[PDB]
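For this one, two forms of the same chain are given in structure tokens, first as structure 1 and then as structure 2.
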Structure 1
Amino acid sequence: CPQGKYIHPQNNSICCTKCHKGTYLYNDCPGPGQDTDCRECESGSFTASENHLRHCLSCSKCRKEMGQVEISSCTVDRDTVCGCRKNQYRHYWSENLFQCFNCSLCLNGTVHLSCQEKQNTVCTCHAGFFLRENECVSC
């Protein structure tokens, strides 16, 4: 039926209004034309979309062992945003798990490419030095 509404469990054809972000389905709407009972997620919960969820989702903690830091706090409609402190880049282990690493400074060298969001600094060593996987080591 209408995208923005969903079918009532115990009675096909009574397409209730879905709950929008920040709230959750507390009770299915009573009859056609009647408001669906949605309620605001408690602090720590969130829903970032059209839903008819019976509970709100827990806000994510950032992975401290991965050196992550929380960029944005969690709100009733936007989940926690994690990242790294600038001067650090991200290395993705999986499409969701990234570890934060410190950017190389290029000691005993010159910055060839500056550090990126998902890439370490590329250095060029000074004559007399070997670039041994992102560090210049003397010959």
Structure 2
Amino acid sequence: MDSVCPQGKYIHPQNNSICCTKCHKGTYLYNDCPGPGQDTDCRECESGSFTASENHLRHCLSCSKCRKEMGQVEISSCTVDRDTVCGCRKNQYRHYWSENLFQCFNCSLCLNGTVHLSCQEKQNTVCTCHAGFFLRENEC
């Protein structure tokens, strides 16, 4: 839908009558396009930085660290077009306190019960207790 510049373009900062094509993820804006039909000069991000979406940033962003205070571990290294992917160690599930904040917790075992649902990436083990004992929080 409607924009000043065509889809995929931005307005030249030095000239409002010219629209330049944006940079793709993995690259940053090295120089604005020199005119309407010219290409924007986009260069690939240096190792240790990235741009995860189409953009016209004059710098790439530094790759993020996983939050050690949250028990996080890097599960996927940062590439020019994608930031560090963080997760938890095996047998641990992520508990999201918010959309972007999660803490790693140890998957529960089923003492006096039996695993109804195995521990998932973002969900603790779901236990169903044996005859006699009852479910109470994380323990039967």
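Residue numbering: sequential along structure 1, first residue numbered 1. Take the two forms, superpose them, and find the largest set of C-alpha atoms that agree within 1.5 Å; that set is the rigid core.
Original post:
Core fitted between the two structures: which of 27, 43, 34, 114 shows a C-alpha shift of 2 angstroms or more?
Top reply: Only 114 moves by 2 Å or more at its C-alpha.
Original post:
Across the change between the two structures, how many whole degrees of rotation does the smaller rigid part show against the larger?
Top reply: Rotation of the smaller rigid body relative to the larger: 22 degrees.
Subject >> Per-residue Cα shift, residue 123, between the two structures [Å; core superposed] >> reply: Displacement of the C-alpha, rigid core superposed: 4.0 Å.
Original post:
If the rigid core is lined up, how many Å does the C-alpha atom of residue 64 shift between the two structures?
Top reply: Its C-alpha shift, to one decimal, is 1.3 Å.
**OP:** Quick one: how many Å does the C-alpha of residue 94 shift between the two structures once the rigid core is superposed?
**Re:** Taking the core as reference, the C-alpha of residue 94 is shifted 3.0 Å.
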